[PDB]
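> Next one to model:
(one chain, ligands or ions: 2)
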Amino acid sequence: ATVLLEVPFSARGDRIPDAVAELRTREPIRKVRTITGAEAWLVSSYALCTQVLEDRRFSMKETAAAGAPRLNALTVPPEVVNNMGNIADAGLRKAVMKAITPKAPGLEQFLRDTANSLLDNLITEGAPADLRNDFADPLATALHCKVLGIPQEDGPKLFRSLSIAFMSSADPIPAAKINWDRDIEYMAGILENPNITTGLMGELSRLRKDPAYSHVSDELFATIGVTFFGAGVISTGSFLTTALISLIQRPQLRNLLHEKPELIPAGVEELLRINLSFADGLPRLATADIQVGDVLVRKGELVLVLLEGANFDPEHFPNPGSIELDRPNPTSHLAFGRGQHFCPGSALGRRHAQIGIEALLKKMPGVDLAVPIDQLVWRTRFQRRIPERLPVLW
Ligand code: HEM
Ligand SMILES: Nc1cccc(-c2cccc(-c3c(-c4ccc(O)cc4)n[nH]c3N)c2)c1
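Numbering: from 1, shown residues only. Ligands and ions are numbered 1, 2, ... in the order given. Take a look at the structure below.
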């Protein structure tokens, strides 16, 4: 006898398991067991992934409900799960989204300056260089301090919460609450700080004293800061890191983008499509009985939307494992999700990766792994797949 298929399949972010395609073909929605011991429906075809994400009766918010089958333990107060919903209800959606666009004056130039400075330091220190800890993550951290309007020097301390904050754990994590409460107090202080007048926290600080928002809770304002910094930094840092691996593994693509940097946005869009940075499917709780393919999902059941299931589906992306810069449907991937909860930072995430890659290829046209690919150490039981270190030479 064998046990119910367990998720996740592999923490490796440099290859998709052959098992995913077998699953998609044979049973594109099927029962699995999560690390908590809960049962869930794993959805792995583009068609069924999109169906689930575009049907709000598959609820993000209700995944936080007491007694629900869980993908993993909450690392935040249950209300944070519905953060964007709470932002919307508070009338803050337009202002928040405006604050996190890459279109603010000097933002892209800041990204370029920061990336080039990071790379110059690596070149000065000499190979090997760690492109995660000393390039991608610092670039993400610097970007989000700028976007939030908080001091650059506060970034590192907020950043070191993230190795625990975005754990994918069977059980609650005591350190997560310690760091969360600390970071909330930091952000509360930021809102009271007269020096903070720019970025997301600068705008929230003003809206907080605007009579149109007098009954929005201080809790929510601080929570937006911590949530957006954390989610933004972990998502952009992790995506860029694993994108760089995919690029480095493709010298022909590396050279092409180096020679024709105008193709970098199309390249990044394909790197988004084949990205394995999300370690788990996106969780949703059914709030009704809903037919998904051959399965009638019952109210109260957990559904997991496997992004690489959708994004490597050959019925939507022919030759899915290949990076093709001239696809007819290039942005139709699910790297930023789909529907009600589509990533509000998608444009910023794109620009972070584009500018990071553009700068790297200019500074280090000969960039290559400095260790055999199998020697990368893949972080386990985490909401992202990332190598602990990414050693390169050039
Ligand atoms: C390459 C970078 C990024 C990737 C791949 C990414 C991916 C995603 C995905 C897949 C979702 C959907 C989650 C779900 O439906 O369960 C999402 C939502 C979200 N993202 Fe991102 N994201 C990125 C960058 C960012 C940035 C830069 C920010 C903020 C500064 C951000 C903030 C958020 C927030 C607040 C949500 C929740 C949306 C909602 O619930 O309505 N993300 N992201
Ligand atoms: N960019 C991106 C991608 C995926 C999710 C999010 C996002 C956006 C908003 C909330 C959440 C979220 C958390 C969470 C975990 C650790 C934290 O430090 C903050 C939040 N727990 N459960 C959910 N729902 C997640 C953002």
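
> Might one say that residue 221 is in contact with residue 208?
Yes: with contact defined as CB atoms under 8 Å, residue 221 counts as touching residue 208 (5.6 Å). Backbone N, C-alpha and C define where each C-beta goes, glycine included.

> what about these two, which has more around it?
More crowded of residue 221 and residue 208, by other CB atoms under 10 Å: residue 221, with 21 against 16.

> The closest residue to that one other than its chain neighbours sits in which helix or strand?
Setting aside the residues directly before and after it, residue 221 is nearest to residue 204 in space (CB to CB, 6 or more residues apart in numbering), at 5.2 Å. Residue 204 belongs to helix 199-208 when assigned by DSSP states H and E.

> Now do that helix: distance to the chain's middle.
From the chain centre to the centre of helix 199-208 is a distance of 24 Å (CA atoms, centre = their mean, to the nearest Å).

> Near the residue in the stretch 1-150 of the chain that ligand 1 sits nearest to, how many other residues are there?
Using CB to the nearest ligand atom, the single residue of the stretch 1-150 of the chain nearest to ligand 1 is residue 84, 3.3 Å away. Look at residue 84: counted by other CB under 10 Å, it has 22 neighbours.

> Surely it touches residue 345?
No: counting by CB under 8 Å, residue 84 stays clear of residue 345, with 10.9 Å between them.

> that older thread, common neighbours of residue 221 and residue 208, please.
residue 191 (CB atoms under 8 Å, 6 or more residues apart in numbering).

> other SSEs contacting the strand or helix carrying residue 163?
Using DSSP H and E, residue 163 sits in helix 162-165. Applying 3 or more CB pairs under 8 Å, 6 or more residues apart in numbering; DSSP states H and E, we find helix 162-165 packed against helix 174-191, helix 218-248.

> Quickly compare these and say which is most buried.
helix 218-248 (a mean of 23; mean count of other CB atoms under 10 Å).

> Just the element for residue 303, please.
Residue 303 belongs to strand 302-305, assigned by DSSP H and E.

> which residues touch that strand?
7, 32, 34, 38-43, 49, 52-53, 58, 63, 68-71, 280-286, 292, 297, 334.

> try stretch 194-210
Stretch 194-210 has contacts (CB under 8 Å, 6+ apart) with 92, 95-96, 98-100, 146-150, 187, 190-191, 193, 213, 216, 218, 221, 224-225, 228.

> got it, and stretch 26-45?
With CB under 8 Å, 6+ apart as the test, stretch 26-45 has contacts from 3-7, 20, 23-24, 47-49, 52, 69-73, 168-170, 281, 283, 292-295, 297, 301-306, 309-310, 313, 315, 381.

> run the last query once more with 7 Å
4-7, 20, 23-24, 48-49, 52, 69-72, 168, 170, 281, 292-293, 295, 297, 301-306, 309-310, 313 (CB atoms under 7 Å, 6 or more residues apart in numbering).

> what do you get for stretch 211-231?
80, 83, 86-87, 90-91, 96, 100, 144, 148, 158, 161-162, 165, 183-184, 187-188, 190-191, 200-201, 204, 207-208.

> how about a cut-off of 8 Å?
Stretch 211-231 has contacts (CB under 8 Å, 6+ apart) with 76, 79-80, 83, 86-87, 90-92, 96, 100, 144, 148, 150, 158, 161-162, 165-166, 180, 183-188, 190-191, 200-201, 204-205, 207-208, 345.

> Apply the buried test to those residues and list what passes.
76, 80, 83, 86-87, 90, 92, 96, 100, 144, 148, 150, 158, 161-162, 165-166, 180, 183-184, 186-188, 190-191, 200-201, 204-205, 207-208, 345 (16 or more other CB atoms under 10 Å).

> which of those come close to ligand 2?
The residues of the buried ones among the contacts of stretch 211-231 that also fall near ligand 2, by CB under 6 Å from any ligand atom, are 76, 80, 83, 165, 166.

> Keep the contacts of stretch 194-210, but drop any that are not near ligand 1.
Restricting the contacts of stretch 194-210 to those near ligand 1 - CB under 6 Å from any ligand atom - leaves 100, 228.

> Looks like residue 176 contacts residue 165 (just checking).
Yes: between residue 176 and residue 165 a contact is recorded at 6.0 Å, counting by CB under 8 Å.

> what sits in contact with each of the two?
75, 76.

> picking up where we left off before, hey, what's the angle from the helix holding residue 204 to helix 218-248? Just curious.
160 degrees (axes from the mean of the first three to the mean of the last three CA atoms, to 10 degrees).

> and helix 199-208 with helix 174-191, angle?
60 degrees.

> picking that back up, I'd like to know which of the contacts of stretch 26-45 are buried.
Using 16+ other CB under 10 Å as the burial test, the contacts of stretch 26-45 include 7, 20, 23-24, 48-49, 52, 69-72, 168, 281, 292-293, 295, 297, 301-306, 309-310, 313 as buried.

> Name the residues of this structure found near ligand 2, please.
60, 75-76, 80-81, 83, 165-166, 227, 230-231, 235, 343.

> For those, give me CSV that also has distance to residue 258.
Output for the residues of the chain next to ligand 2, formatted as CSV (distance: CB to CB, whole Å):
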residue, distance to residue 258
60, 40
75, 39
76, 41
80, 41
81, 42
83, 39
165, 35
166, 32
227, 36
230, 33
231, 31
235, 26
343, 28
